[PDB]
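Below is one structure, written out as structure tokens, with a few remarks after it.
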Amino acid sequence: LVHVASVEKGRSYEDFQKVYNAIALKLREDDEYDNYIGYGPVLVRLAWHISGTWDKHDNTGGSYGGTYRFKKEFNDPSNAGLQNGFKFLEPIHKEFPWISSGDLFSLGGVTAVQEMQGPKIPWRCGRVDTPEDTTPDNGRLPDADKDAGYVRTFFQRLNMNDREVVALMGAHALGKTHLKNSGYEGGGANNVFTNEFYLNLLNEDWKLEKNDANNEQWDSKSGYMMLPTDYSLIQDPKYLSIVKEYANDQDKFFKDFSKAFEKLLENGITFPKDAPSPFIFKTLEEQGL
Ligand code: HEM
Ligand SMILES: O=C1CCNc2c1cnc1ccccc21
């Protein structure tokens, strides 16, 4: 099963920079969403969930086919809440209908990370929408009620190692859980991309509690929370070393996250040898916009 990247006909960097800019301007505009968090976090999660269905064994799932647009995936219980992100991106796709769905969904994640003062994420175009019968079944995204061993084994399906896992999880600096979406009671939220997930894990006073949905979560005296899969990163000695590394090195975290996130978003895609180089988009701030 081979998915070959095919550049949207006649498009180049500046076309995609226009899409980035539209997403970025809408992020700035629609600032009230989710108690003034804005849409950055949910767009990052969307980009991860459209990519996280991938299976290295047969190259099913992944970001290439844009299949989140289909009911079966759109309605995956693991994707509850992501419809807000889809609706946010709707007007952008209407403005730029030439872009593929996979390209738009992944680019939304990139734009969100960057506009939230995260690292630059190189991004490649060429995902091509595939038919409804290519939509992966529900159940390929990870459970949150599990331990480090579950996390490690899960991510092997996505060809991610321990450092890549720990780095990717740092996106949980962002946003929050919503009891009605996932069965987890949200704590303090952020909308700036930092290494604070690691600092919170190491520095807060955590207590294991059972929430009103009957699920276990770790809660701090200051009002933050960790999923059991988050907290597993300080229960496992291999993960803990890396958590400490990122808590003590912002730049290393940024560089490792950027690599892992691009790789996550590109898993399953064959880029021809004469494909364009990855694009590094300028932020609104860098453009004076
Ligand atoms: C073991 C792996 C993971 C598990 C079990 C997990 C689970 C969760 C859950 C349960 C939520 C809350 C959803 C809601 O209630 O609205 C959430 C939110 C979020 N996740 Fe993850 N996640 C994992 C990995 C990741 C990765 C790899 C990324 C991206 C690189 C990511 C980015 C996010 C973001 C940005 C949010 C906040 C969304 C918002 O504020 O609406 N997560 N995750
Ligand atoms: O420590 C934080 C910061 C705010 N956001 C999250 C944290 C930890 N785990 C999370 C898990 C899912 C969504 C957001 C978070």
Side-chain angles (χ1 to χ4, degrees), residues 34-37 40-42 44-46 48-49 52 77-82 113 116 118 139-156 158 160-250 252-254 256-257 260-261 264:
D34 204 7
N35 287 125
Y36 285 83
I37 291 166
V42 74
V44 174
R45 193 179 200 232
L46 181 52
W48 138 242
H49 277 208
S78 302
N79 289 337
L82 291 180
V113 169
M116 297 188 286
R140 297 177 173 217
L141 294 163
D143 293 336
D145 61 351
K146 304 290 199 284
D147 68 5
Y150 170 87
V151 173
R152 179 166 291 114
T153 295
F154 174 84
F155 272 104
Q156 288 166 358
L158 295 175
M160 297 294 178
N161 69 27
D162 283 2
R163 298 185 58 84
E164 291 169 314
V165 168
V166 180
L168 284 168
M169 215 73 78
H172 283 179
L174 301 168
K176 67 187 180 168
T177 65
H178 311 81
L179 202 70
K180 296 210 202 72
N181 292 340
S182 58
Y184 291 98
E185 189 192 348
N190 296 303
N191 58 8
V192 181
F193 196 93
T194 69
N195 69 336
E196 283 181 31
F197 176 72
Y198 310 106
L199 288 163
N200 292 345
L201 272 169
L202 295 173
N203 292 339
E204 298 293 307
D205 182 17
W206 297 104
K207 182 166 283 301
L208 184 62
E209 304 192 302
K210 193 195 290 196
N211 68 30
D212 296 338
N214 219 38
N215 292 312
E216 292 200 309
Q217 66 178 69
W218 293 86
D219 295 331
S220 75
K221 308 187 72 73
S222 64
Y224 285 117
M225 62 81 80
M226 293 284 172
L227 303 165
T229 51
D230 294 328
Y231 195 88
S232 86
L233 306 182
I234 67 173
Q235 293 180 310
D236 174 276
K238 306 181 185 88
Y239 282 156
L240 179 56
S241 293
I242 305 159
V243 168
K244 293 173 176 176
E245 180 181 351
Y246 296 149
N248 288 290
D249 197 333
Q250 297 181 269
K252 179 68 167 157
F253 168 59
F254 270 29
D256 282 0
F257 182 87
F261 193 62
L264 178 76

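For this chain, numbers begin at 1 and follow the sequence in order. We use all heavy atoms of the structure for the numbers below, so side chains are in, but hydrogens, waters and symmetry mates are not.
Side-chain contact check for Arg163 versus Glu245: some heavy-atom pair is nearer than 4.5 Å. Under the 4.5 Å side-chain criterion, counting only non-hydrogen atoms from C-beta, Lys146 is in contact with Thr229. Considering only heavy atoms from C-beta on, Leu227 comes within 4.5 Å of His172 through its side chain. At a threshold of 4.5 Å between non-hydrogen side-chain atoms, the residues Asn35 and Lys176 count as touching. At a threshold of 4.5 Å between non-hydrogen side-chain atoms, the residues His178 and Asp34 count as touching. Looking only at side-chain heavy atoms (C-beta outward), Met169 and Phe197 come within less than 4.5 Å of each other. Residues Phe154 and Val165 fail the side-chain proximity criterion, which asks for heavy atoms closer than 4.5 Å.
In this structure, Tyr198 contributes its side chain and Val166 its backbone to a donor-acceptor pair below 3.5 Å. With hydrogens and angles ignored, the 3.5 Å screen pairs no side-chain donor or acceptor of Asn215 with any backbone N or O of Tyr184. Distance alone, capped at 3.5 Å, is enough to place a donor-acceptor pair between the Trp206 side chain and the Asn200 backbone. The backbone N or O of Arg152 lies less than 3.5 Å from no partner atom in the side chain of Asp162, so there is not a single donor-acceptor pair. No donor-acceptor pair under 3.5 Å is formed between the side chain of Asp236 and the backbone N or O of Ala148. Between the side chain of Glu216 and the backbone N or O of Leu208, no donor-acceptor pair lies under 3.5 Å.
Note that CG of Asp145 is 11.5 Å distant from OG of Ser232, once rounded to the nearest 0.5 Å. How far OH of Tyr224 is from CG of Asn190: 5.0 Å, rounded to the nearest 0.5 Å. The line from CG of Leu168 to CG of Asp256 is 10.0 Å long, rounded to the nearest 0.5 Å. One finds the CG atom of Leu202 at 6.5 Å from the CG atom of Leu240 (value rounded to the nearest 0.5 Å). If you take CD on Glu196 and CG on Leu174, they are separated by 10.0 Å, rounding to the nearest 0.5 Å. If you take CD on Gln217 and CD on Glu209, they are separated by 7.5 Å, rounding to the nearest 0.5 Å.
Nearest heavy atom pair, residue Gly183 against residue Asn211, reads O-ND2, 2.9 Å. Closest heavy-atom contact between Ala213 and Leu179: CB-CD1, 3.9 Å. Across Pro228 and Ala144, no two heavy atoms sit closer than the pair CD-O, 3.2 Å. The heavy-atom pair separating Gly52 from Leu158 by the smallest distance is O-CD2, 3.8 Å. Between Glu204 and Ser220, the shortest heavy-atom contact is OE1-OG, 3.4 Å. Contact record, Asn195 with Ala247: ND2-O, 3.5 Å, taken as the closest heavy-atom pair.
Only one option out of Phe254, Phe257, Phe253 pairs with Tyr246 in a ring pair (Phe, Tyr, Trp, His ring centres under 6.0 Å); it is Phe253.
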Checklist line | side-chain contact (heavy atoms from CB on, under 4.5 Å) between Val44 and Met116, intermediate numbers included | finding: CA-CA 10 Å; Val44 174; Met116 297 188 286; 3.9 Å; yes

Next item on the list: Could you please spell out the steps behind the side-chain contact (heavy atoms from CB on, under 4.5 Å) verdict for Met225 and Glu185?
Entry: CA-CA 8 Å; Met225 62 81 80; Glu185 189 192 348; over 6 Å; no

